[PDB]
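A.B. asks: below is the sequence, then the experimental coordinates.
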Amino acid sequence: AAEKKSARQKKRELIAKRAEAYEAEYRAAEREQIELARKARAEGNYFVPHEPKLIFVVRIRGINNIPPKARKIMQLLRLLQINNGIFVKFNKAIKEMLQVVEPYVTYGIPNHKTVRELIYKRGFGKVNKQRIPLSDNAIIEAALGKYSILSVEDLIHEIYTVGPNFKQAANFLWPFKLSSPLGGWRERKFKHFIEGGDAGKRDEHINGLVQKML
Amino acid sequence: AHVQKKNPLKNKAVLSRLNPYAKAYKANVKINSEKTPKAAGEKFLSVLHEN
Amino acid sequence: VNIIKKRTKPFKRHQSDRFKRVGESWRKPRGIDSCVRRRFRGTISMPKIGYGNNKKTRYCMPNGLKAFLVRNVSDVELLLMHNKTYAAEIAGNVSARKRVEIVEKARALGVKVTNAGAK
RNA sequence: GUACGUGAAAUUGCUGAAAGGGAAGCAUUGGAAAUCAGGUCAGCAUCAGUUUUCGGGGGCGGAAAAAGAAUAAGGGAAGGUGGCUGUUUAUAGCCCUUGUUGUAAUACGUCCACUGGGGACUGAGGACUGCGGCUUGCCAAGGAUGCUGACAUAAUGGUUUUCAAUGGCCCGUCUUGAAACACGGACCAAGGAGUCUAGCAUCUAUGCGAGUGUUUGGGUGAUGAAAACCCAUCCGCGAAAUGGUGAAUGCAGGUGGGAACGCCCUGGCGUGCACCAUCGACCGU
RNA sequence: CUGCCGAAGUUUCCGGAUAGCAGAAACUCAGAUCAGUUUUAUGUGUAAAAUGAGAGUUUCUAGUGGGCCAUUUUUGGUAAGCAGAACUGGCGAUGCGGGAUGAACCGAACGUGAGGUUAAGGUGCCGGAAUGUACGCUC
RNA sequence: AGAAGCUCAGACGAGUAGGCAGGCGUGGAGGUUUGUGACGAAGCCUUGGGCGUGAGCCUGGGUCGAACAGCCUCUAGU
């Protein structure tokens, strides 16, 4: 009776401390990058920000008239439907995947708000091969307690910062089922994003697209 | 259990359930209240206003 | 809870309107080029399991009870414990004498009669 | 009423209702008229879920916006002003650099677990459990309740006919990659096409099990006796194979994997069916 | 009558056996293997990280063995057409939005509905949607 | 607690050849319903009502005048 209430109360405070620690980390990382860029500019030096280990990929072309070589990759990316968004560990083994499914998907660097809103609204966990909504921290705790992930904030951190267990967290998240964008795509959507279309890599504009889709 | 899905962003009560930290967040902080140091190298300005 | 039906029109057999020899009772078209089996535009709709109605309200009349066929006063007694679930429907071949006896017994038992004012 | 039980459809005449400017039938949504059936239908508030549309406030970022204004230096000139075509701020001013007012503003990007409104769709579930919040209690916290009205001679829901908007190419067969063709189709009613049996094989069920199978036949059966019931002797398949002979050497043989169980302090040990690789035999076992 | 599963569309050997695709039955396998995929390494082939998915076999039993269209490479070309391969696609088993109309064009793949938002294509009127905005060309 | 049942959760839904399952209807047979019926069985008709996704089922009214059905099994000139 009292033991479970005390343990859960202490667990609640522990999550609060972790979330406070994570929030400070994001603020410090953003502030320190700004300070580094400011000092480089003052000295005349050029500062290169680090590569983004995280990418968010949205499938923009349907299941019709797609070559088998490209189809298998979206099967491996769990992009089995149009307007489906997933997190991918951006590395040298993924850059080549996304370069050959350039005409069929779009991707970019998601900021903290994009990841935070996606898991809050579209966050569904794969529990016993079922799509269970992440409606409470105990759902995540029983499914990711081995990797010391206890709450939604812990899951957001493990996804945003690409921690050691990013593969387990990304595989736990059922692919986000995003709606059609509010306001629509561009006039011609299947042209490359650079050439005025809406396909391929788009860097920090994946956020502006995702907010439409949420 | 969980007959209906409630969006934490639109539900202040569900947000409290999921994230026991939103009760103390302090979103806006005033940090540009000291002498704003205009930080721009003169060589950088020449390169910027080049050609 | 109210009763809502996914469909109200009946499903007619194709071209039953055109031909008197072709009855309106539904028959699944086996034609290979049947545009109606292909679900073209403007064509009529086919029976699908998606048209099935709510399990909790299936077989229920507008009033919210299920019609139960009754032949004699013995049958009505079987509806004593389900007067809020089943409504007695006297059979069409029950004579006028047994009609009034069935109606009176059901009315005393509190069991609804669907076609009481008949014969 | 012998043109005689019941009297269907095709088809035809009459009457009523309606429609019709070179097809029609059909489908969807409603109106109108007709006709049925059984609480019906509205308004607002506070919420929940989905969503759309306007604002307000505040962080942070960039050349710590660029500008700009005001105000001090110097520089230059014009698309040359006052002055006198030519010149250098005068009786207009402009451009460039610097200082200053400066932690200037604003635009913009971005963020707020900041906030104020307007509209629409939805109300699934049915004692209590849960996760939380505010404080036993209360709550926007595991799905709608509250306050009212109007109407019952009508509102809603239908059903029939018709009109309007939108859509809708004739069905079957055949050929081909595919159509189209090519046949079939005046209309309606009734009839009308994978059946019975012998053998074989698979699977399943049932009875018995090293057996199994009564119904060639006999017994018997008073109530239907072509049924049911009982079974003497054979016989069929199986129990032995190999090409006359004719099988545990070895717990009807050891090793490994293995179903299942047991003992332990996940794993270990023991036992180890079926089946499968293995060394082995006996005349296939 | 409704529901579920669901191909082949052709190799390889002599009308067929075969394999392939689809199912069933019975087994073992989760400290395991797979993959119409990408990296890394060794010299296009070979070998070992990423990502996804539980992955295997044995028996046996249905249906299939055509073509059409298009891309790319290439072989010749030829008055000019085209002809010969390979290649994976699209159709074939499949409705829907648009292209005024359509087997092959652009989107999209289907239980019955409510609401929201889009794709392709569009916003003078037929026709739902700006006789919008800005800059040019044209009689 | 018709465990054949009850309940919770998630995903999926075109579909020819083929494969598999559950249902509707008809004639006759065994059992059963203290079954229906000249106070009207069956049939038929109807701009009457209800149920089912569907095959179909029940019912109001009219007509009619002697037989008929539900359930469990059997059977087929279904």
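C.D. replies: Right, received. Where do you want to start? Numbering: from 1, shown residues only, chains lettered A, B, ... in the order given.

A.B. asks: tell me who's in contact with the closest residue to residue B:17 other than its chain neighbours.
C.D. replies: Spatially, and ignoring its direct neighbours in sequence, residue B:17 is nearest to residue A:136 (6.3 Å; Cβ to Cβ, 6 or more residues apart in numbering or on different chains). From N, CA and C alone the C-beta is placed, and that goes for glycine too. Listed by Cβ atoms under 8 Å, 6 or more residues apart in numbering or on different chains, the contact partners of residue A:136 are B:2, B:17-18.

A.B. asks: mind redoing it with 10 Å?
C.D. replies: A:151-152, B:1-2, B:14, B:17-18 (Cβ atoms under 10 Å, 6 or more residues apart in numbering or on different chains).

A.B. asks: of those residues, closest to residue A:200?
C.D. replies: Lowest distance from residue A:200 to the contacts of residue A:136 (Cβ to Cβ) belongs to residue A:152, with 31.1 Å.

A.B. asks: touching, that closest one and residue A:173? I think so.
C.D. replies: No - contact criterion Cβ atoms under 10 Å: residue A:152 and residue A:173 do not qualify, at 11.1 Å.

A.B. asks: any idea which helix or strand carries residue A:139?
C.D. replies: helix A:137-144 (DSSP states H and E).

A.B. asks: oops, could you answer that again for residue B:43 instead?
C.D. replies: Per DSSP H and E: helix B:42-48 holds residue B:43.

A.B. asks: ok, back up a step: could you tell me which residues touch both of residue A:152 and residue A:173?
C.D. replies: By Cβ under 10 Å, 6+ apart, residue A:152 and residue A:173 have these common neighbours: A:119, A:123, A:134.

A.B. asks: in chain A, which helix is the longest?
C.D. replies: The residue-count maximum for a helix in chain A (DSSP state H) belongs to helix A:2-43.

A.B. asks: which other helices and strands contact that helix?
C.D. replies: Packing partners of helix A:2-43 (3 or more Cβ pairs under 10 Å, 6 or more residues apart in numbering or on different chains; DSSP states H and E): helix A:112-122, helix A:137-144, helix A:152-160, helix B:42-48.

A.B. asks: give me the distance between the most centrally placed residue in chain A and residue A:58.
C.D. replies: In chain A, the C-alpha nearest the mean C-alpha coordinate belongs to residue A:87, at 4.2 Å (Cα atoms, centre = their mean). Distance of residue A:87 to residue A:58, given as Cβ to Cβ, to the nearest Å: 11 Å.

A.B. asks: check residue B:32 too.
C.D. replies: Using Cβ to Cβ, residue B:32 is found at 36 Å from residue A:58.

A.B. asks: residue contacts, residue A:12?
C.D. replies: A:137, A:151, B:20-21.

A.B. asks: mind checking the SS state of residue C:12?
C.D. replies: Applying DSSP: H, G, I helix; E, B strand; the rest coil to residue C:12 yields a three-state assignment of coil.

A.B. asks: what is the neighbour count of residue C:12?
C.D. replies: Neighbourhood size, residue C:12 [other Cβ atoms under 10 Å in any protein chain shown]: 15.

A.B. asks: hang on, isn't it packed against residue C:26?
C.D. replies: Yes - contact criterion Cβ under 10 Å: residue C:12 and residue C:26 qualify, at 7.0 Å.

A.B. asks: now do the same end-to-end measure for stretch C:31-51.
C.D. replies: By Cα to Cα, to the nearest Å, the extent of stretch C:31-51 from end to end equals 23 Å.

A.B. asks: buried stuff in it?
C.D. replies: Judged by neighbour count using 16 or more other Cβ atoms under 10 Å in any protein chain shown, stretch C:31-51 contains no buried positions.

A.B. asks: got the contact list for that stretch?
C.D. replies: Here stretch C:31-51 has contacts from C:5-7, C:9-15, C:17, C:26, C:28-30, using Cβ under 10 Å, 6+ apart.
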